[PDB]
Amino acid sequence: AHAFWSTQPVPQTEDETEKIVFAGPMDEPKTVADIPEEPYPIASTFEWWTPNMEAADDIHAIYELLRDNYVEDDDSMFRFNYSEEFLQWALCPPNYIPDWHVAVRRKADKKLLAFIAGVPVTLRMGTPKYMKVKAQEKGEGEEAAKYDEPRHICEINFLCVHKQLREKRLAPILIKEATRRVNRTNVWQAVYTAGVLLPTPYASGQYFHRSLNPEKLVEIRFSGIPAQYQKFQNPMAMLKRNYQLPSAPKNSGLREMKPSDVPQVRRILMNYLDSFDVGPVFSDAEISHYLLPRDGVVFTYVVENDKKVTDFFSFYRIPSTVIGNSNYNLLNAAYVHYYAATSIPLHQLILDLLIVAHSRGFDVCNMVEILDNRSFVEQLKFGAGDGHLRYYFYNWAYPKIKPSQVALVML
């Protein structure tokens, strides 16, 4: 059933994941010296290429591949259109390893045929709370705690094969080469997410959407008009009213994040994230990189009253190409990123996210039910979509956890 995934150090069935009680590696210990020094073999008509993610033109080439060939819905209505600026942000965080970004090109014209990207993340991925308790009850605390220390691992994203090369077993080759490059740097685990079900997620969450421009969302068939709106003389007018938001933020002291806020934002974020079983650890440089405002890419606001930062939220932009509509060709989506609330309820913090995103011309706000995202779904009028995000580890046995015990946002 899985000619590639059956050969890999991942849990092979749901049952297996159901049985795991302690975090830890799946494969035997290996050294960098054990890993092939030469690139994985590839057909003579292709070549491995390491793009330079800082160089505008190489980012452009990757941008074009993804624009035309990255994830689309099953009805081929929307395809992600991550921007060049977003891709430089996502793929070159502090201390990134250039060699972890892997492409295939056709040797003749050098047309870009495939890509996958790894970036460093420092992740807490030891045994979850519910399982450390079972371990205490059984006299097995030492085993349960062995891997408690945050680990420096690889986060994988942006796997893409050109549509003309689909179903040719190229993705397994790209994954093997990426694994080799990561292993040659003495890293042995990865974390990744996908919409599709593969062997085997340690957590799964539904996507939620909050309409900001319902007229446009209905026009492009992102949204339908719920049946009960047909009871109205003007179904669309009622839908627009339903989703109306204030034109200015409500929280006293909300303002954009600035560099001097990095230590305070790191503090309150780290205190909050600590409470979840799986979550990242960020340095000041990583807080700066992932949270300071960048035009068109990431938007971050703090609540400062009386000279202290007590709360913050962030969102990022991923537009999608709208493929077959007469009136629009772009969907402008805002995605809930990290946040932390200490002075106000989370719903009150995130309402100002929606207000700001709507003011800035976003059409929808998206999120997965990770973190405490479920705590403001109903009041703030999010609805569940039909999609899910599944969370996976490579070479890491991990108990099944609920998505509200995951604190890692994946771009």
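Rigid core here is just the name for the largest C-alpha set that superposes within 1.5 Å across the two forms. Just count from 1 along the sequence shown to find any residue number.
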#### Entry: Stretch farther from the shown model on average in 9 other deposited structures of this protein, with CA RMS computed after core superposition (322 to 330, 135 to 143)
322 to 330
## Note on the structure
With the rigid core as the fit reference, the stretch showing the greater C-alpha departure in 9 other deposited structures of this protein, 263 to 271 or 226 to 234, is 226 to 234
### Query
For the C-alpha atoms alone, is the average B factor greater in 320 to 328 or in 250 to 258, going by the entry?
320 to 328
### Task
Tell me which of 68 to 76 and 311 to 319 has the higher mean C-alpha B-factor in the deposited entry.
68 to 76
### Task
For the C-alpha B-factor as written in the entry, point me to the maximum among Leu371, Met367, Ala43, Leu380.
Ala43
### Query
Highest CA temperature factor in the entry: which of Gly224, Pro120, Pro98, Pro172?
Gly224
### Query
When the modelled residues of the chain are sorted by Cα temperature factor, does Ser83 land in the lowest, middle or highest third?
lowest
### Summary
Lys146: CA temperature factor from the record, placed by chain third, in the highest
### Task
Consider only the C-alpha atoms of the modelled residues in this chain, order them by B-factor as the entry records it, and name the third containing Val187: lowest, middle or highest.
middle
### Query
Compared with the other modelled residues in the chain, in which third is the CA B-factor of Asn271?
middle
### Task
Would you check the entry's CA temperature factor for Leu411 and let me know if it's in the chain's lowest, middle or highest third?
middle
